[PDB]
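Scroll down for the structure; my scribbles are underneath it.
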Amino acid sequence: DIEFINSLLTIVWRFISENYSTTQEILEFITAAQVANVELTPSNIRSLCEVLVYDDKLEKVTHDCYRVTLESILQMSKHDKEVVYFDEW
Amino acid sequence: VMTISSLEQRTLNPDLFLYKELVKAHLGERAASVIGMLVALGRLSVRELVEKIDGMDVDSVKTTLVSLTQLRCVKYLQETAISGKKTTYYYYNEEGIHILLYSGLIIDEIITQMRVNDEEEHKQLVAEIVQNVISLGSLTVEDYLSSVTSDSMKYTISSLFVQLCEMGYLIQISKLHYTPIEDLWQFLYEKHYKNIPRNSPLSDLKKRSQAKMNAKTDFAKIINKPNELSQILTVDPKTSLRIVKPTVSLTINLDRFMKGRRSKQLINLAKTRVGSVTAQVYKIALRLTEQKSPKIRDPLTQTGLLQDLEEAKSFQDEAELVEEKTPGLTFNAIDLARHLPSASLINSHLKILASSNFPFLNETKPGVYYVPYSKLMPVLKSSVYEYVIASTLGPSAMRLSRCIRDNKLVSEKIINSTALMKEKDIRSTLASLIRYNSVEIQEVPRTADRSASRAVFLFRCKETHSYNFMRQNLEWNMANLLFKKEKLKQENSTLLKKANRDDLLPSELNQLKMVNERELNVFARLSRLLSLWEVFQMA
């Protein structure tokens with residue numbers, strides 16, 4: 001219920017920096033058993049994989065594993081200007 | 001209230017007003033009239049200008065005509081009819097105003113890529129030459145050489161002239177080079193259907209093969225005519241060094257200017273995905289191979305005719321095979337750390353550029369490695385686009401954009417599960433995402449043909465509609481930008497005229513610094529989003 005969706009905002013924070021990490025599903029098999037909180041099942045295999053899958057978490061490379069590139073950089077008007085949006089046209 | 005919010009101008013001028021805005025700053029009055037009308041009504045005739053506006057007949061038209069021709073702001077075509085006489089129709093020409101929207105940006109790359117000559121007299125020299133080129137719109141060599149002072153070094157400015165031909169950049173003036181792509185195809189299309197002396201009524205589909213194949217080889221010789229020809233430029237009579245033809249004139253070109261910035265976009269993606277050294281290693285490759293790389297020149301047959309449903313690929317992959325051919329065949333064999341301004345072989349730094357590919361950079365052939373110009377563009381459009389939404393809205397808008405792009409067309413059931421966290425905030429940013437286009441809406445019913453609500457929903461596609469929304473970003477940003485910059489002129493016009501005559505008082509110097517401030521910042525904003533639009537114009 002409410003207990004759900006709030007448990008994924010914690011354990012995924014800093015583990016990224018310590019990750020080439022071989023065998024994509026082992027990455028969960030690693031993450032699944034850890035912190036002694038003992039996460040439950042392969043339901044989490046496809047969870048942190050395909051949820052955070054986009055934009056700078058970890059890069060997707062073949063033979064089932066994760067790479068890292070540009071997240072290291074992110075972890076590190078007078079009269080008229082911009083407004084950049086809406087206005088239609 | 002008071003309308004000062006600029007809602008008045010907001011609705012009614014998509015594309016359009018862009019053109020006649022620029023040329024207004026260029027010239028104004030009559031010049032903006034003709035072009036603006038040449039856009040709105042499209043194809044136009046000389047007599048037709050007089051009818052519409054009552055434009056100060058035949059004094060202005062003949063004056064504007066030659067004025068538009070020198071800078072080639074009008075695409076020119078002439079033909080006749082079966083009845084008789086003659087007709088001359090004008091089109092809005094290519095993007096030639098966009099070049100006027102470029103100017104110094106082109107001259108920038110001209111100065112910066114003129115290196116391999118180290119900080120020389122060149123800076124003041126060709127800057128005077130190039131500014132004389134674009135402004136006049138056409139430059140003959142001898143009349144240009146005549147403008148140079150006497151009793152001095154004549155080949156000092158010709159030290160870089162034959163160096164202006166270079167590889168890309170300035171090419172010769174040739175004939176029909178300005179011409180509608182649709183029309184030249186139709187003009188070349190003659191002598192093809194015209195070709196058969198009552199041969200034989202067998203296999204009607206062979207008329208296809210005949211006309212097409214003969215048109216393609218006749219099309220290639222025409223488009224590669226301006227591309228690379230060493231006849232005029234490489235002329236080398238005795239009692240001198242290599243000297244460009246004193247007769248044939250020159251013109252600037254799309255080739256390496258549109259390429260140089262395209263490489264920048266690749267560098268921006270590169271530099272993001274690798275170190276500074278790796279971006280340099282990949283750069284030195286591009287600098288040598290940019291000559292034979294079509295890239296920006298890609299479609300070239302697209303405008304002016306049909307593609308197909310069936311034969312679309314037989315057209316497309318016919319281009320893809322010649323996009324396979326020239327990059328595969330011609331391009332460089334493996335070199336070693338060529339020159340440059342890490343010892344031994346740097347190919348190891350290429351191998352780390354190899355093993356890591358997705359999205360781009362270094363997919364290879366046995367014995368030779370090069371980056372494809374076909375499959376590269378999709379991941380280039382992806383990145384930049386996702387960074388646009390990233391800059392625009394918060395991190396939530398990012399994550400959901402791909403969530404629709406992993407699989408396709410699904411309901412909120414597996415979306416709520418697989419996306420991140422909370423229903424209500426998702427619904428909030430769902431409406432924010434679905435606000436302007438780009439996800440569309442899916443239409444499928446529930447236990448009825450067409451009835452009512454509770455029908456199932458899905459989210460998908462709209463690649464081109466999520467492209468064009470960045471083409472709205474083209475004009476309307478630059479519009480108010482340039483406009484209220486021009487309004488800044490006429491407002492302070494009484495001051496500017498006083499400043500020009502002076503070239504006094506405490507408060508007169510104040511508004512002098514004011515406008516100049518606003519001016520410098522508004523041009524920096526122009527080139528800013530200019531670089532953004534340029535990448536979005538393709539695919």
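Chains: A, B, ... in order of the structure tokens. Residues: from 1 per chain. Ligands: from 1, in order shown.
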
Closest pair table for chain B residues within 6 Å of chain A, only C-alpha atoms, as a Markdown table:
```
| residue | atom | partner | partner_atom | distance |
| --- | --- | --- | --- | --- |
| B:14 | CA | A:89 | CA | 5.6 |
| B:272 | CA | A:70 | CA | 5.9 |
| B:273 | CA | A:69 | CA | 5.5 |
| B:418 | CA | A:51 | CA | 5.9 |
| B:419 | CA | A:51 | CA | 5.7 |
| B:421 | CA | A:5 | CA | 4.8 |
| B:472 | CA | A:89 | CA | 5.4 |
```

As a ChimeraX atom specification, please: the residues near residue 465 (chain B) (cut-off 12 Å, only C-alpha atoms, same-chain neighbours under 2 positions excluded). /B:436-440,460-463,467-472,539

Region 146-154 of chain B surroundings by only C-alpha atoms, 12 Å radius, close-in-sequence under 2 positions cut, as a list in words: residues 125, 128, 129, 132, 139, 140, 141, 142, 143, 144, 156, 157, 158, 159, 160, 161, 243 and 246 of chain B

What's around region 27-38 of chain A at 10 Å? Count only C-alpha atoms, leave out sequence neighbours fewer than 6 positions away in its own chain, and write the answer as a PDB file with N, CA and C atoms, in the first residue's frame.
```pdb
ATOM      1  N   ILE A  11      17.853   2.568  -0.949  1.00  0.00           N
ATOM      2  CA  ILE A  11      18.941   1.610  -1.131  1.00  0.00           C
ATOM      3  C   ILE A  11      19.691   1.744  -2.458  1.00  0.00           C
ATOM      4  N   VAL A  12      19.161   2.554  -3.370  1.00  0.00           N
ATOM      5  CA  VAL A  12      19.765   2.704  -4.691  1.00  0.00           C
ATOM      6  C   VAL A  12      20.691   3.917  -4.804  1.00  0.00           C
ATOM      7  N   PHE A  15      25.148   3.171  -4.174  1.00  0.00           N
ATOM      8  CA  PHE A  15      25.703   1.892  -4.605  1.00  0.00           C
ATOM      9  C   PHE A  15      26.175   1.963  -6.055  1.00  0.00           C
ATOM     10  N   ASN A  19      29.834   0.566  -8.454  1.00  0.00           N
ATOM     11  CA  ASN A  19      29.626  -0.346  -9.573  1.00  0.00           C
ATOM     12  C   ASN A  19      30.534  -0.011 -10.751  1.00  0.00           C
ATOM     13  N   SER A  21      30.220  -3.658 -14.309  1.00  0.00           N
ATOM     14  CA  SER A  21      29.623  -4.579 -13.351  1.00  0.00           C
ATOM     15  C   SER A  21      28.997  -5.742 -14.109  1.00  0.00           C
ATOM     16  N   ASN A  44      12.537  -8.018  -8.107  1.00  0.00           N
ATOM     17  CA  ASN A  44      13.467  -6.893  -8.058  1.00  0.00           C
ATOM     18  C   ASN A  44      14.573  -6.961  -9.116  1.00  0.00           C
ATOM     19  N   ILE A  45      14.688  -8.093  -9.807  1.00  0.00           N
ATOM     20  CA  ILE A  45      15.632  -8.218 -10.920  1.00  0.00           C
ATOM     21  C   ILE A  45      15.295  -7.198 -11.996  1.00  0.00           C
ATOM     22  N   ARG A  46      14.019  -7.152 -12.358  1.00  0.00           N
ATOM     23  CA  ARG A  46      13.550  -6.292 -13.432  1.00  0.00           C
ATOM     24  C   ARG A  46      13.062  -4.950 -12.897  1.00  0.00           C
ATOM     25  N   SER A  47      13.204  -4.743 -11.591  1.00  0.00           N
ATOM     26  CA  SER A  47      12.721  -3.515 -10.969  1.00  0.00           C
ATOM     27  C   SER A  47      13.713  -2.370 -11.135  1.00  0.00           C
ATOM     28  N   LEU A  48      14.811  -2.404 -10.386  1.00  0.00           N
ATOM     29  CA  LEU A  48      15.797  -1.328 -10.454  1.00  0.00           C
ATOM     30  C   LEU A  48      16.475  -1.303 -11.819  1.00  0.00           C
ATOM     31  N   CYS A  49      16.448  -2.446 -12.497  1.00  0.00           N
ATOM     32  CA  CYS A  49      16.925  -2.547 -13.868  1.00  0.00           C
ATOM     33  C   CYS A  49      16.170  -1.600 -14.798  1.00  0.00           C
ATOM     34  N   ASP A  64      24.981  -8.622 -21.048  1.00  0.00           N
ATOM     35  CA  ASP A  64      24.214  -8.437 -19.819  1.00  0.00           C
ATOM     36  C   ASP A  64      25.002  -7.773 -18.689  1.00  0.00           C
ATOM     37  N   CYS A  65      25.310  -6.487 -18.842  1.00  0.00           N
ATOM     38  CA  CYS A  65      25.973  -5.733 -17.777  1.00  0.00           C
ATOM     39  C   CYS A  65      25.776  -4.221 -17.918  1.00  0.00           C
ATOM     40  N   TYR A  66      26.346  -3.463 -16.981  1.00  0.00           N
ATOM     41  CA  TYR A  66      26.153  -2.014 -16.928  1.00  0.00           C
ATOM     42  C   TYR A  66      27.462  -1.224 -16.981  1.00  0.00           C
TER      43      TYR A  66
END
```

Using backbone DSSP assignments, extract all strand (DSSP E or B) residues from region 59-202 of chain B; output them as a list in words.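 Of region 59-202 of chain B, only residues 74, 75, 76, 77, 78, 79, 87, 88, 89, 90, 91, 92, 139, 171 and 172 of chain B fall in strand (DSSP E or B).
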
Only N, CA and C atoms, please: the residues just picked out, written as a tab-separated table (two decimals), in the first residue's frame.
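Saved file again-v1.tsv follows:
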```
chain	number	residue	atom	x	y	z
B	74	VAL	N	16.52	35.19	-54.36
B	74	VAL	CA	15.40	34.68	-55.14
B	74	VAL	C	15.83	33.55	-56.08
B	75	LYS	N	15.12	32.43	-56.00
B	75	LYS	CA	15.37	31.31	-56.90
B	75	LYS	C	14.75	31.63	-58.26
B	76	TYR	N	15.57	31.62	-59.30
B	76	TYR	CA	15.12	32.07	-60.62
B	76	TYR	C	14.91	30.92	-61.60
B	77	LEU	N	13.80	31.00	-62.34
B	77	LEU	CA	13.49	30.02	-63.37
B	77	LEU	C	12.74	30.69	-64.52
B	78	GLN	N	13.06	30.31	-65.75
B	78	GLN	CA	12.34	30.83	-66.91
B	78	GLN	C	11.96	29.70	-67.86
B	79	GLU	N	10.76	29.80	-68.43
B	79	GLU	CA	10.28	28.83	-69.39
B	79	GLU	C	9.22	29.46	-70.29
B	87	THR	N	7.74	33.21	-69.76
B	87	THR	CA	7.41	33.49	-68.37
B	87	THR	C	8.60	33.27	-67.44
B	88	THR	N	8.73	34.13	-66.44
B	88	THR	CA	9.79	34.01	-65.45
B	88	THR	C	9.20	33.98	-64.04
B	89	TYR	N	9.38	32.85	-63.36
B	89	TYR	CA	8.82	32.67	-62.03
B	89	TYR	C	9.91	32.64	-60.96
B	90	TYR	N	9.65	33.34	-59.86
B	90	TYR	CA	10.60	33.42	-58.76
B	90	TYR	C	10.13	32.60	-57.56
B	91	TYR	N	11.08	32.02	-56.85
B	91	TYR	CA	10.79	31.26	-55.64
B	91	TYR	C	11.57	31.86	-54.47
B	92	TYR	N	11.14	31.57	-53.25
B	92	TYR	CA	11.96	31.92	-52.10
B	92	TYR	C	13.19	31.00	-52.14
B	139	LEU	N	31.83	37.57	-56.21
B	139	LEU	CA	33.15	38.19	-56.34
B	139	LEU	C	33.98	37.63	-57.48
B	171	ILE	N	33.82	28.06	-53.44
B	171	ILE	CA	33.90	27.36	-54.72
B	171	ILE	C	33.56	28.36	-55.83
B	172	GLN	N	33.65	27.93	-57.09
B	172	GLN	CA	33.44	28.80	-58.24
B	172	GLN	C	31.98	29.15	-58.46
```

d(CA of residue 109 (chain B), CA of residue 122 (chain B)) in Å: 13.8 Å

List every residue of region 69-280 of chain B that DSSP, applied to the backbone of this structure, places in alpha helix (DSSP H), and write the result as a ChimeraX atom specification. /B:69-70,97-100,104-112,122-136,141-147,162-165,181-188,205-227,255-273,276-280
